[PDB]
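A short write-up of the structure that comes next.
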Amino acid sequence: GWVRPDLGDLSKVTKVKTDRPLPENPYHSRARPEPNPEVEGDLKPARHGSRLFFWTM
Amino acid sequence: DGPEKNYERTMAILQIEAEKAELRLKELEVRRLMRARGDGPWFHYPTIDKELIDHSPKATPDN
Ligand SMILES: CCCCCCCCCCCCCCCCCC(=O)OC[C@H](COP(=O)(O)OCCN)OC(=O)CCCCCCCCCCCCCCCCC
Numbered sequence: 115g116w117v118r119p120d121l122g123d124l125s126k127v128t129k130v131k132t133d134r135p136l137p138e139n140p141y142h143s144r145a146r147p148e149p150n151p152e153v154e155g156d157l158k159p160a161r162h163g164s165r166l167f168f169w170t171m
Numbered sequence: 081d082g083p084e085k086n087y088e089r090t091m092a093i094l095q096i097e098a099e100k101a102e103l104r105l106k107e108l109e110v111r112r113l114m115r116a117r118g119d120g121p122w123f124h125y126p127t128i129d130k131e132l133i134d135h136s137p138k139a140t141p142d143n
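Residue numbers (the authors' numbering), protein chains in the order written: chain X, 115 to 171; chain h, 81 to 143.
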């Protein structure tokens, strides 16, 4: 009772049920370094302007 | 101008120049720390963007 698969059958992506648990860290990754502390707040005008030498603005 | 106006105008001028002077010193020390530790918005030299990586299953399994 063996039926030959059709053209395109064997290239199908299929789903398979397994009782094996999905690996947790397949790449064996170390812990990622923490991100740089985010800078947040309300953008206020620069205090006393540029403050370049004598400039007052 | 009376002495009182010039006197208190001077205090206003000194406050601004003192505050600016403190900020100038603080910026030099912040710049020193940011450059040495790379943990601030300044001296943040780019690394490769990770959204460029393709995580799709490959032609072979071990990768
Ligand atoms: C350039 C004039 C001096 C000529 C001699 C050359 C001197 C050496 C030049 C090297 C640079 C030194 C300049 C020193 C002043 C710069 C620092 C400064 O002035 O503070 C910032 C200034 C705002 O000045 P502020 O104290 O806030 O006073 C406001 C008054 N309304 O904001 C600024 O920085 C801009 C001010 C630059 C000074 C010239 C502009 C003054 C506005 C007049 C422009 C002309 C308008 C009339 C147009 C006539 C058209 C025919």
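For each residue, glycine too, the CB sits at the ideal point set by N, CA and C.
h:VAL110 carries a helical assignment under DSSP once its states are collapsed to helix, strand and coil.
Under the three-pair Cβ rule at 8 Å, the stretch 115 to 132 of chain X does not count as touching the stretch 90 to 109 of chain h.
The beta-carbon of X:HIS162 is placed less than 9 Å from the nearest beta-carbon of chain h.
Collapsing the DSSP output to three states places X:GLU154 in coil. From the beta-carbon of X:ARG165, the residues of chain h found nearer than 8 Å are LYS100, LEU103, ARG104. Segment contact: the stretch 107 to 114 of chain h against the stretch 133 to 141 of chain h, fewer than three CB-CB distances shorter than 8 Å; contact not assigned.
For X:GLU138, the secondary structure class from DSSP, reduced to helix, strand or coil, is coil. Collapsing the DSSP output to three states places h:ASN143 in coil. Taking CB atoms only, h:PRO121 has a neighbour in chain X less than 9 Å away. DSSP, read as helix, strand or coil, puts X:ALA160 in coil.
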